[PDB]
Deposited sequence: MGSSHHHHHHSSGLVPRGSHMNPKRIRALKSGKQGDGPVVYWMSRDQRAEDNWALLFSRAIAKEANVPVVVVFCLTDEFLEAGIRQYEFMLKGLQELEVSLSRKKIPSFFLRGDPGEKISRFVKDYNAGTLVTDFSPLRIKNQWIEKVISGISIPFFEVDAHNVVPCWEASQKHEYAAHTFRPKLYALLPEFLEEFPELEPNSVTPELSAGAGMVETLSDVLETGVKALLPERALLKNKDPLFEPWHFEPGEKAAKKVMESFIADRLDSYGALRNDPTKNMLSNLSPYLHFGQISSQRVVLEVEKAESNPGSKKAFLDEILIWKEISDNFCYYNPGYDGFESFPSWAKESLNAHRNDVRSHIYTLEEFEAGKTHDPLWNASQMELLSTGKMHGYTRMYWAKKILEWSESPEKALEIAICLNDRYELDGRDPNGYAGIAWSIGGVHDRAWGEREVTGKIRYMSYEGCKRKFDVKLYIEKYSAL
């Protein structure tokens, strides 16, 4: 119940109507600070709380793989909120007009949203504040430590962000109090039915018109996310430290699609892992990625308006890449050639098949995949657009602060340091095909994804 997690977007005349939780990033009912804080305000004013989700016109920028995963979880979400006497309303259109109309139509008293540092979220908020007079609060329900409290500036390395985040852990790492039930807009299936129809022409296929995506790797919903966490801790947490860099072994947690859509709280994952009596070396490696690297991605996007642009790169990286702009590239590939996996690197290729077929590329190959796009592009800016385009289109965890921070790490050296000076790539960290062969059995990875 710590009120540091709450930030006031606008202070207006407090209405006497239902507290509206505008759910965007954290699509879950358990372990949701935004959902709990909305219920707290509802109790204090003796008024019910409601949940509103907006289905924006931007779903056509992505594929069916992301659309189905989000909506199937929401269908489970609606029934979960119903058993807590909480009605969920699902609107279709721009949030700027849809939230404003819903606020006036339903006589909203307090408006609550979850925190997301992405530009598109800031786009909606600007419109919403321009059409309401009721108070507007936001809650960081995605980070263990609130983004504005962990640091008040951009952090240039994990070395600097780790002590600030770990010092605030004894305060913000706590259990979740129960969501007490409330005291006392057509359908979901049809929206998903018409959404798939509008996206079907853009489906990814491989020659024979057979769909490339395989939807049986990660089931959606809050329930499935919990089982994945239980599976990871019981079976793969011990070997996470020593096998996380091997793409031939499914040793990863596989929590990112649930983490991105907010189907499971990262704080819940950290709480359970801390209780687990596993390999302390593997535990330290795991908490680094879900706490340091995950929450520094929000820090990167929150304190850099141009997080997806060349301007956000460190100065040493910008000048190093600028000094190698005119170096002749060994090869140049178009976006269509990158998309289809038609490069001269069978290792880079096979990473694309895993991305296209499963929607989740291995973490280690994600670094190789992004850095080779820089090596084989006309300019670093062109590689930035290609990497963002492919990641957001085909990753189930894409369109996330982790994605923009991860690409910025691979291409622009964000949260990194200078390495040996090479041509084309400059001082950016370089990952070689020969180097990967010495780290894992590349042939097994290639044969898996042909």
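>> List the gaps, meaning deposited-sequence segments with no CA coordinates, ordered along the sequence.
In response: Several regions go unmodelled: 1-20, 205-214, 481-482.
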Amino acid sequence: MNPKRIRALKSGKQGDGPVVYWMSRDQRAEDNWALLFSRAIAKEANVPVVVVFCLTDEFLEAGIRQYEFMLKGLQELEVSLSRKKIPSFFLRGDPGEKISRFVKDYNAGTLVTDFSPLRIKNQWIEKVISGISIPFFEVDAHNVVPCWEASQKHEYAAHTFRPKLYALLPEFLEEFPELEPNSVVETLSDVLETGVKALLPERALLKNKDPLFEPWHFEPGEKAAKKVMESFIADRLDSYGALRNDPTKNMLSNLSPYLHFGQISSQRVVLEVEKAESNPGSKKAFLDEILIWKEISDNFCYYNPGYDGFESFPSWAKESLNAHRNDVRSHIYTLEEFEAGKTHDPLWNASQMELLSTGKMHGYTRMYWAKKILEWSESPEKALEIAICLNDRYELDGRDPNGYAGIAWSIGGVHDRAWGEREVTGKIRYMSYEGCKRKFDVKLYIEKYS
From here on, numbers count along this sequence of modelled residues.
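Rigid core (definition): largest C-alpha set, two forms, superposition within 1.5 Å.
> Out of 384-392 and 59-67, which shows the greater rigid core-aligned C-alpha deviation in 6 other deposited structures of this protein?
Replying inline: The answer is 59-67, which departs more from the shown form in 6 other deposited structures of this protein.
>> Rigid core superposition, C-alpha RMS per stretch in 6 other deposited structures of this protein: which comes out larger, 192-200 or 105-113?
In response: Most displaced of the pair in 6 other deposited structures of this protein: 192-200.
> Taking only the CA atoms, which stretch has the higher mean B-factor in the record, 219-227 or 166-174?
Replying inline: Of 166-174 and 219-227, the stretch with the higher C-alpha B-factor average is 166-174.
>> Can you tell me whether 21-29 has a higher mean C-alpha B factor than 430-438 in this record, or the other way round?
In response: Between 430-438 and 21-29, it is 430-438 that shows the higher mean C-alpha B-factor.
> Per the PDB entry, which option out of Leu374, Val103, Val144, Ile296 has the greatest Cα B factor?
Replying inline: Each of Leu374, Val103, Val144, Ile296 was compared by C-alpha B-factor; the highest is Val103.
> Of the options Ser265, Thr160, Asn349, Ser320, which has the highest CA B factor as deposited?
Replying inline: Among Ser265, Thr160, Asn349, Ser320, the PDB entry lists the largest C-alpha B-factor for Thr160.
> In terms of the CA temperature factor given in the entry, to which third of its chain does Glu385 belong: lowest, middle or highest?
Replying inline: It belongs to the lowest third of the chain when residues are ordered by C-alpha B-factor.
> Among the modelled residues of its chain, does the C-alpha B-factor of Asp397 lie in the lowest, middle or highest third?
Replying inline: Bottom third by C-alpha B-factor.
> Within this chain, which third does the Cα B-factor at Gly309 fall in: lowest, middle or highest?
Replying inline: For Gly309, whose C-alpha B-factor we compare with every modelled residue in the chain, the answer is the lowest third.
>> Looking at the temperature factor on the CA atom of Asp288, which third of the chain's modelled residues does it land in?
In response: It belongs to the lowest third of the chain when residues are ordered by C-alpha B-factor.
> Taking the entry's C-alpha B-factors for this chain, is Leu335 in the lowest, middle or highest third?
Replying inline: For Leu335, whose C-alpha B-factor we compare with every modelled residue in the chain, the answer is the middle third.
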